[PDB]
Amino acid sequence: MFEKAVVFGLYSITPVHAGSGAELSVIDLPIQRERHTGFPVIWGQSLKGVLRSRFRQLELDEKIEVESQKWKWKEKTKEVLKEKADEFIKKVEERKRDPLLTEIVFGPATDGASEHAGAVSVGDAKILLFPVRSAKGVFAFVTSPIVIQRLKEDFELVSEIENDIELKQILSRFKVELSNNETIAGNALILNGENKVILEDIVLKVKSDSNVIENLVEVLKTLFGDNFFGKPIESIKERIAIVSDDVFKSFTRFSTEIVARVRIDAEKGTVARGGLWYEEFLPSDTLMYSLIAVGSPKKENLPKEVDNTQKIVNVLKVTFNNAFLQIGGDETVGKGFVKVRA
Amino acid sequence: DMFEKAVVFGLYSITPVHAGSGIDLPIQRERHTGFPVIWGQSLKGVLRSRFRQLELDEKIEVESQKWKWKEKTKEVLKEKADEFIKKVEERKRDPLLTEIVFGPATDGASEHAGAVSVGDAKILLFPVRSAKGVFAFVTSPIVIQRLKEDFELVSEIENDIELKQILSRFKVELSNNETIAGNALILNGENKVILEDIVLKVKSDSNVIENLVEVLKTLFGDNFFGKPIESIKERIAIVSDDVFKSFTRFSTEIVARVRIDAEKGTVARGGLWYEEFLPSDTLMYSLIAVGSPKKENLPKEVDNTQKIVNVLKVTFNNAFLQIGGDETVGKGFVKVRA
Amino acid sequence: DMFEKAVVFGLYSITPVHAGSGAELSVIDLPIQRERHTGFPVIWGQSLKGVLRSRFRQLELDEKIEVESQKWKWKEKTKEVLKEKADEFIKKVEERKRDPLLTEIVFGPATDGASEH
Amino acid sequence: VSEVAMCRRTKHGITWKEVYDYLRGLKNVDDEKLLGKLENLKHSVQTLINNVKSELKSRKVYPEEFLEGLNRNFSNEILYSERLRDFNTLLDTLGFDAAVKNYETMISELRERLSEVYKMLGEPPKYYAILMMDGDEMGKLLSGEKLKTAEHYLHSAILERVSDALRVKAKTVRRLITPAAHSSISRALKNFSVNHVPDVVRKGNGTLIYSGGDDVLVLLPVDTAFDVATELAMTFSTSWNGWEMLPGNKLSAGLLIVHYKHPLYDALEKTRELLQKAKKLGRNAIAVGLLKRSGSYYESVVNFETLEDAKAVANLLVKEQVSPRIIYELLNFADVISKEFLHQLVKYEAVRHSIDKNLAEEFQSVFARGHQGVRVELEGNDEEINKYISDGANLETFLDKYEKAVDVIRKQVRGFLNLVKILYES
Amino acid sequence: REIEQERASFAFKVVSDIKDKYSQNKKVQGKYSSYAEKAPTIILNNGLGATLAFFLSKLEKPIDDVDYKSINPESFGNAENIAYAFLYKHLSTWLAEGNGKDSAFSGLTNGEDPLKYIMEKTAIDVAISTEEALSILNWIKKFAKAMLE
Amino acid sequence: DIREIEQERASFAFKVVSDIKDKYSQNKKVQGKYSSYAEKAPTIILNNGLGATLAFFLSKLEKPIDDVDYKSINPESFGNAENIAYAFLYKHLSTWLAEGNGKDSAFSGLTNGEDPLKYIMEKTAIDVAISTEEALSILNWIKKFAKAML
Amino acid sequence: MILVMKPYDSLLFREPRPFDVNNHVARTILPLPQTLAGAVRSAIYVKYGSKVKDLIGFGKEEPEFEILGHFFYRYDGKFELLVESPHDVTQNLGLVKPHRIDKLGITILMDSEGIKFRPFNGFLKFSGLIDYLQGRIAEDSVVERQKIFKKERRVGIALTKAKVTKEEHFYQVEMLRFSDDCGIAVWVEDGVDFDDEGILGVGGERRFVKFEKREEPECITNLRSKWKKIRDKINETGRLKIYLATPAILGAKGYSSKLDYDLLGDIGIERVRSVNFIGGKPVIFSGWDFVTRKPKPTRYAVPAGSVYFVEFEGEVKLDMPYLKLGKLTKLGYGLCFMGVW
RNA sequence: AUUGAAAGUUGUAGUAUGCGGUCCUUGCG
DNA sequence: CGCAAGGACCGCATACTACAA
């Protein structure tokens, strides 16, 4: 199925730490990666969980603009389920089940996991842009041809859903290959000397094929609105660098933030037993995308307001657009705040 | 009835797959060796569901025509067409072409039999992180030998004389600290590869790699799942049996998951577990045996093994499928090429 | 998510500040916290949370915290809330095992009862 | 067998068997804290049974006698909350085939009524243990391959008041068996099997199925199984229980922990297989095995004394004196653990993951003893090693000179952790 | 897991060898245990080359040229010097040859001096050497803390 | 085929420091003064500026601060131990800021074969700041190796 | 001739347990000869239509073409054939013979190293079969069961309409996972027409193989050549041993293990002094007749590897190193080699 | 003519909660 | 008229699968 697709773009306002599994190796709590390549990633389970929680919390306040009507959980449930609805309302009061809209879209709760599946699917969020310190200029966005390759693959997958031939052609228009150390750099990052763009601890050579970079910016303008998540897109167009695969992988491993944290005793004035530990944080301004898919709503006796893939897609688009999300652990210490552009 | 032809399928993963088995929720594996496997039952179920949905949507290219299943239903069922049409709409039965190909529904299963038998999908390549060049596609001579014998079944049925010549040349022996790989994964200077944390050395015999590539070229075409064949060819490594076994044992991803209660805001009681996932970009294959349609008074244009083979190849070429559980969280997407 | 109100805190240094960031082998032996990519100085939220919680607990222990123009006595107020278990909580708090009631409610539970809420 | 599962002692001591007995109208209930809940459950059961009786008698399909007896014949599965998800589920649990809006309201009232009861005494346990014990090859002793020298059968010191040659001969030749001695052995076996096993089982609140000679088969609640299995192993080894004789021999046990859903045939076959495996590995042991509803089957063969070490470790863990996180780290490190490292690694981990004091040292010592008492199943000459393992202190010396001497340790620790995980569950 | 067993055996061997020298002298045992514990922190902050340079610097001698071999730890005067020379010797030995030719891990440096190897190589070699040093240090921390006084 | 500047920094620092030990092995005073100067330079750089420190080095070498040619300063010319040490330190710093490790190496300086003093004289602030950063890093590495070996 | 049948994947020769709605579990056993016989008969019949109905024996319980038996095989450097391990071999690879003590009037079959022994599970190489028939079991002529194949388990679930688990739609099965280069081999009488290559579906759940027709190997010809020597040795000794390579249905009307002397008389034996049967548990089996689409009558068969010790007066007159036994012989039952004890 | 033909280990579910890189120390004879 | 951090503490405790099929 999955007759409709919405691309979600995330911008990290603050450093984000999505907790990995067992805390092994030298670093205590590392970010989630993939052994297959080594790049950072966010598994779809956490994304679906946070989206479901936000959706349910919004629905409980009757702030969800269901076709600009502010659908009421109790009223809609009574209209749909009729006689038994009241009983379900009690289950909603006990925080056992969930209101009608979120149950229909994201699937039911644990105790009722035998009626219908979830009408949505949330893919893993993959990196697309990585901040990196630079000598001239500051804070250069970086990316690699493999990322663009995966992006083209995702576009092709979308085309198998909505027949977006123009998007496929636009993606196929871009084809670059930096060999070992040369980079495609914007005008700002270029050192005042002859080429020689210096990223972190590496000195590179610029390559004069910047049109491709421009095309990439166009793709962004095609995908995530006009302003680049609240900034002038052309402003970011001056600070984009494309580098080889191995260099990008090296950046995605030895440039995440590393932080040491301690606990202070009540009155001793110094650390205590089991107080010192380490954490790894994904840098701010990291751009990561995903792929949300929607198929046929499998819920029984769905409401007339939301009874087609187009309706669900519109609801998701309006509810999540320039909104804000809390992602991962370390919430109370200001970590995980992101801006979502659909 | 008997089985005449044998088709070849190729599954390329793009998201981690979790075809669950009976680590708390591991993935299916073979007993003798231990390589990851996907049982034929799961493939048969997935294909049956996709075929049923496609035929009910009337998008089947039966000999380049619009298969009107309802119209052809009266041709074979005659008087009982209305009852079968009603039962199919009532989910107690299945669409006529699906019943002919895969088999009768679980209710009236004692009447006839299906015409397709799906085998377990076996792994062919495994991605493993490498020092130079990302995710080298690793394989082992044991997997090569199994492929060479297994393909000999289909090619012989296809009378593929040219391919059989290349198959016999698949002979190689590797020590535990030896590997044969393309130039991309080979470190500049010292002739060694750093797959994972091992420092295997290059045996400098690349003649095997091209023949392996050619087999893939003939079987699945030059358009290698939307990728240039050269990029995949340059980054293929073959290591000894035991190293590959350890990789298949450990390189699979392990993800720990929890459930957070709305009250308080922390993990509830009994709310932690583990899961295992196959990596993406894992080449895999599978054989399907097709026989003569055991159905009686079957509609025309579907009467022989060649007709069914062509229908299957047309319907399931360069398609997208979801395999196994965890579909809601974007796991199981695979590209299918025949 | 669960937030409804916010406050913007402004800090004005009157004496030189030094938020430790470990020790390096560079020219500066005791550098300061900075974001990696930008390179600008910064103070993480964890240090602020720790300092605020410490000050809040100190003020509540001395019963100098004035909520609604009234002191929030650690023992008296927690007696009504915890009800029967208040004796256990009061003794545990006096043993520096858990933070007082108001700090526990606001800045979350203490180290011993981290899995409470 | 769900009755046996519910026979486990609850936190308050009022096991769910009594609670269900009042609902069936067979026995009274001593406690009155939730008497109104008992009336609510009884009224819900009576109303549901009466409503079902009206429908069943309407078609007169089932015999009327069954409907009449359904007042006390209601299945104990109705006491399980999950079985009361829907009216169809309750109808199936009652036994009568489903193939009622008022009954839907009745199920809601019953579910709410049972919620208060389940909030105090907890959910009805759905797990139970099957235990089969067999004699340790009595044919060998009957043939005389296990008997001692005739000196152990004289009066007191008659060997002194006899010729030197006769004394020497009786000092070495193992005594054989006379018909009177055989009858004595048979009577001792009868005394063990009839006069001791039923009482011991009734102490453990279990159920005895077939106790023939030296063969024992019992179904027990999980709460008191490992104790009973120990106690019986002592009774079968006593030689003089006061003025009553006892066999004074060894026996091999097989124990399985399973949820109430698996088929009986499969459970019996698996338990028999576990007993046979314990017998094959060297006898004088018990093959504990836990199989959840998911499918995980954790099995380990241990001597009877090692159950005490596991009990000590489990009591240490439940009392929270040591954090229950060392288990997983040790399990991860088992595959890379050798004799030269294990003691130091265990001591360091106990220090790091406990509240210090003497608890870390005690835990380390108990772990050392428990890992010592485990039957390993290697390939090749496992008979020699397993015999020494069941022997005693010779296991340390023999393993020191053993060829492998590593894989034995790797499997010994893994086994000892497995049943520790099992016991820590209960 | 063969590499894991190799690392564990090597860590136990080096910690036992440190135990043999000045077994009664809790000064050398105590200093070495803290030195192994605090070492991985430096590597994360400053990289492998900087940490190796620091180890070379803390030794109190002319230290002419650079040699992972030589530099007998017993020849060092102060106890801290002996412990630091021991730490450097063990780490450099593991990175150069591991446990031997027949061992599972033959060492990434092909027997070459780790500092010279870092000085004249590519980036990826430095990366893998860094990761391997981090892993062996992780094991050595536990094994030295467990038994050394 | 890619080496970060860290590899070249250590390679360069090892080159010069070892070049002092073999040259002036007997002149322990020269080695000590060079080590002290390498220890003390970064604070001057951080307090005043790269141009200020370079001019100071020239002043201790009794040379005019307006026209310089680092390629024309033989360290052996100076007679006093302090003077010789200052000449060596200045030559090393200027050579690194001009040619880096080498033209063949990944890093080839910043001034592109220009006297660093003149470069600071006739460039905007950003170039001066980046050159200051590079000088700080190399001074750190040279101090490390000099303390380790000298 | 033989038919090397390399399986593509695991196979399932289901036990006779019903596959009821509630009883949704299954277990695999070792392959019975009748299953392979039915597979070959169907393969020949379908290809050649109804004209070969008499040869296939359509409807009838027995065909006309002869199938001798089925052995296992592997490719450990050479095409090796393996048979079931006889019950008379101890774990110590020591033979077991009767030692009838006539003084006490007993016929104890105690071994040569005690009166208690357990049979050696595993397989005997066909190369060593001659030596075993001569009572000279070697040490490298046997392999264990686990080196050839190991049983694996699987689960299955039938989905409801959309995505949930359909009611009464759960099952669990158990199948045989043959190791690499280890398959089955069916021995067919020469002269029966059969295609060379292709595929064949054997067993339940619609699993197939890659069958290939091959001539007989050297081991069988060697055994046939030395059969004359074995026969004259048996005639000289007067103590003939019968070893079973396939299950047999030797029972008369009403299945039983009593080896009737009437079958023995046909081989040239005049007077049977004694019969000492050592075996194991009986094998209960019934098939699925396609013609009636109904289960076949149940049959009890002596397990493979059972040994019969016979002392006889007379001469063995067979010119073949094996003899058929019981009923349903054409399907491959009752294959028994004869040697000297 | 084979205990055979038929059946997707699938649905739900945020590695999360608590935690101050802190203490000691004259840039000096 | 030179001097050139150094030790403490080095993840703790809790959660540790549920229900269907």
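Here the protein sequences come in this chain order: C, H, S, D, R, U and Z.
Under the working numbering, read the first sequence as residues 218 to 559, first letter to last.
Under the working numbering, read the second sequence as residues 35 to 372, first letter to last.
Under the working numbering, read the third sequence as residues 3 to 119, first letter to last.
Under the working numbering, read the fourth sequence as residues -11 to 414, first letter to last.
Under the working numbering, read the fifth sequence as residues 123 to 271, first letter to last.
Under the working numbering, read the sixth sequence as residues 3 to 152, first letter to last.
Under the working numbering, read the seventh sequence as residues 2 to 342, first letter to last.
Note that beta-carbon positions come from the ideal geometry of N, C-alpha and C, so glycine has one too.
Handout entry: Runs of alpha helix (DSSP H) wholly within the region 53 to 117 of chain Z (minimum 4 residues, chain order)
Key = 54 to 57
Problem - Beta-carbon proximity check, H:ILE263 vs H:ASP239, cutoff 9 Å - result: no
Handout entry: Neighbourhood of Z:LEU4 by C-beta distance below 6 Å, restricted to the same chain and skipping five residues each side
Key = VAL187, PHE212 and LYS214
Practice task
Determine the direct distance from the alpha carbon of H:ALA139 to that of H:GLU133, and round the result to whole angstroms.
Solution key: 7 Å
Handout entry: C:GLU474 - containing alpha helix (DSSP H), residue span
Key = Segment 474 to 478 is the beta strand (DSSP E) holding C:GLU474; no alpha helix (DSSP H) there.
Practice task
Ignore the nearest five residues each way along the sequence and tell me which others in D:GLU232's own chain have a CB closer than 6 Å to its CB.
Solution key: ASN179
Handout entry: Closer than 9 Å to chain Z by CB, C:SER331
Key = yes
Problem - Straight-line Cα distance separating C:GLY324 from D:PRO312 - result: 35 Å
Handout entry: Beta-carbon proximity of Z:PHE66 to Z:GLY199, cut-off 9 Å
Key = no
Exercise for the section: Check the Cβ of C:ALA334 against every Cβ in chain Z and list those closer than 7 Å, keeping chain order. Expected result: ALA163 and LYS164
Practice task
Kindly indicate which three-state DSSP category H:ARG303 falls into: helix, strand or coil?
Solution key: strand
Problem - Run of the beta strand (DSSP E) containing Z:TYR172, from where it starts to where it stops - result: 166 to 179
Handout entry: DSSP three-state assignment for D:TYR115, whether helix, strand or coil
Key = strand
Handout entry: Spatial neighbours of Z:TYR262 in its chain, beta-carbon cut-off 6 Å, leaving aside the 5 residues before and after
Key = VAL273
Exercise for the section: Kindly give me the distance between the Cβ atoms of S:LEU32 and S:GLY22, rounded to whole angstroms, as I take these residues to be in contact under 8 Å. Expected result: 7 Å
Exercise for the section: Return the chain-ordered list of same chain residues with a C-beta closer than 7 Å to the C-beta of residue 427 of chain D, the five sequence neighbours on each side being excluded. Expected result: Residue numbering for chain D in the displayed model covers -11 to 414; residue 427 of chain D lies beyond these limits and cannot be assessed.
Problem - the region 240 to 252 of chain R contacting the region 164 to 182 of chain R, beta-carbon criterion three pairs below 8 Å - result: yes
Problem - Buried versus exposed, by CB contacts within 10 Å (16 or more), Z:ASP267 - result: exposed
Practice task
Compute the Euclidean distance between the alpha carbons of Z:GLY95 and Z:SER275, then round it to the nearest angstrom.
Solution key: 23 Å
Exercise for the section: At 7 Å on the CB atoms, spell out the chain S contacts of H:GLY299, in chain order. Expected result: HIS119
Handout entry: Assigned exposure category for C:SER351 - 16 Cβ within 10 Å defines buried
Key = buried
Handout entry: Minimum Cβ-Cβ distance from H:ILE191 to chain Z less than 9 Å
Key = yes
Exercise for the section: Check the DSSP bridge columns for Z:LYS126 and list the partner residues they point to. Expected result: Z:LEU83
Exercise for the section: Would you please verify whether the beta carbon of C:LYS301 is less than 9 Å from any beta carbon of chain D? Expected result: yes
Exercise for the section: Assess, as a yes-or-no matter, whether the region 114 to 125 of chain D is touched by the region 3 to 16 of chain D under the definition of 3 or more beta carbon pairs within less than 8 Å. Expected result: no
Practice task
Determine the extent of the alpha helix (DSSP H) in which Z:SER11 is found, giving its start and end residues.
Solution key: Here Z:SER11 belongs to no alpha helix (DSSP H), and DSSP marks it neither H nor E.
Exercise for the section: Please check if any C-beta of chain D sits within less than 9 Å of the C-beta of C:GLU517. Expected result: no
Exercise for the section: On a CA-only basis, which of H:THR316, H:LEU130, H:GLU309 and H:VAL71 is nearest H:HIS146? Give me that one, please. Expected result: H:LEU130
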